[PDB]
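In case you want the letters, here they are:
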Amino acid sequence: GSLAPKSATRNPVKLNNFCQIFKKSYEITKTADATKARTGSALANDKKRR
Amino acid sequence: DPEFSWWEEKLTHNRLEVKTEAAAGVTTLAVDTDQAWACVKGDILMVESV
Amino acid sequence: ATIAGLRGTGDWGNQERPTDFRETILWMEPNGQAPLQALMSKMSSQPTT
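Rules and cut-offs
- Residues numbered from 1 in each chain as written, not as in the entry; some residues may be left out.
- Chains lettered and ligands numbered in written order.
- Part of a larger assembly, values for the part shown.
- Heavy atoms only, no water.
- Helix = DSSP H or I, 4+ residues; strand = E, 2+ residues; numbered from the N terminus.
- Buried < 20%, exposed > 50% of the residue type's maximum accessible area, 1.4 Å probe, protein only.
- Areas by Shrake-Rupley, 256 points an atom, 1.4 Å probe, with all protein chains shown as cover.
- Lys, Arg positive; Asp, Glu negative; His and termini not counted.
- Charge placed at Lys NZ, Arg CZ, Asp CG, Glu CD.
- Contact = heavy atoms within 4.5 Å.
- Buried area = accessible area lost by both parts, 1.4 Å probe.
- Polar contact = N/O pair within 3.5 Å; in protein donor to acceptor, adjacent residues only side chain to side chain.
- Nonpolar A, V, L, I, M, F, W, Y, C, P; charged D, E, K, R; others polar.
- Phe/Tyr/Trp six-rings, centres within 6.5 Å; stacked < 30°, edge-to-face > 60°.
- Salt bridge = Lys/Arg side-chain N within 4 Å of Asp/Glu carboxyl O.
- Pairing = 2+ DSSP bridges.

Structure determination for this entry, per the PDB record, employed cryo-EM and reached 2.8 Å resolution.

Within chain C, the regular secondary structure consists of one helix and zero strands. Each principal axis of the C-alpha atoms in chain C carries an extent, and together these give about 80 × 30 × 10 Å. Within chain C, the fraction of its 49 residues that count as buried is 2%. When the accessible surface of chain C is summed, it comes to about 5,400 Å², and 53% of that surface belongs to carbon and sulfur atoms. Across chain C, the 4 positively charged side chains and the 5 negatively charged ones have centroids separated by 8 Å.

Attention shifts here to the interface of chain C and chain A. Taken together, the contacts link 11 residues of chain C with eight residues of chain A. When the two sides are added together, the surface that chain C and chain A hide from each other amounts to roughly 690 Å², 41% of it contributed by carbon and sulfur. Contact with chain A buries surface across chain C, with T2, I3 and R7 of chain C losing the most and accounting together for 51% of the total. If you look at where chain C meets chain A, you find six residue pairs in polar contact. Residues of the side of chain C that touches chain A, tallied by class, amount to three nonpolar, five polar and three charged.

With that settled, the discussion passes to the packing of aromatic side chains. Tallied over the full model, the rule gives one aromatic pair over all chains. Both rings, one in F4 of chain B and one in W6 of chain B, keep their centres 6.3 Å apart while their planes meet at 25 degrees; by these two values the pair is stacked.

It is worth spelling out the pattern of salt bridges at this point. Residues and elements named next belong to chain B. All chains considered together, the criterion is met by three salt bridges over all chains. Among the ionic pairs, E48 bridges to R15, the shortest N-O distance being 3.3 Å. Highlighted residues: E48 in the segment after β1 (3–8) and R15 in the segment after β1, separated in sequence by 33 residues. For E48, a relative accessible area of 56% translates into the label exposed.

With that settled, consider the environment of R7 of chain C. In this structure, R7 of chain C sits in the segment before α1 (38–41). Taking the C-alpha atoms as reference points, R7 of chain C and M43 of chain C, separated by 36 residues in sequence, lie 67 Å from one another. A distance of 3.3 Å separates a polar side-chain atom of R7 of chain C from the backbone oxygen of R10 of chain A. Separated by 2.4 Å, the side chains of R7 of chain C and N11 of chain A make a polar contact.

Turning to the interface of chain A and chain B, a few remarks are in order. Listed by partner, the interface residues are 11 residues for chain A and 11 residues for chain B. When chain A packs against chain B, close to 1,100 Å² is buried across both sides, 61% of that on carbon and sulfur atoms. At the boundary of chain A and chain B, one finds zero salt bridges. Across the contact surface, chain A and chain B share six residue pairs in polar contact. Here strand β1 (residues 13–18) of chain A runs beside β1 of chain B; their pairing, made up of six bridges, is antiparallel. Bridge pairing links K14 of chain A to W7 of chain B in β1 of chain B.

This is the structure we're talking about:
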């Protein structure tokens, strides 16, 4: 038959971070693009490496 | 947004430290700063051991 | 830790509580009897070479 008690509470903590821009470029002449090489297409290989 | 944030919360015990020595028969205890706010009427506290 | 037993609008974190905003812009424009380009609207047009 007693009465209800008092109440209490709390708050959390906050954290944050940032975003960053990344760039990686490749370039090839059109003459070298047109040519055929045993290793394969040069543009695709450059894309994969980069 | 390039900046993002989040919140975290921990669950912890209700632990108090008695700064001033109290003998048997004392009804008032001194604790650290702002520690007594968590406790309310009806809580059961027990002295801890090593 | 808050003991007041009543959580209020003040008893929240730094950025836990955003206020209310009306997500648009209310624009103000010049007002008159003629259109905005008054001289142009009361004018003819002919091409040039």
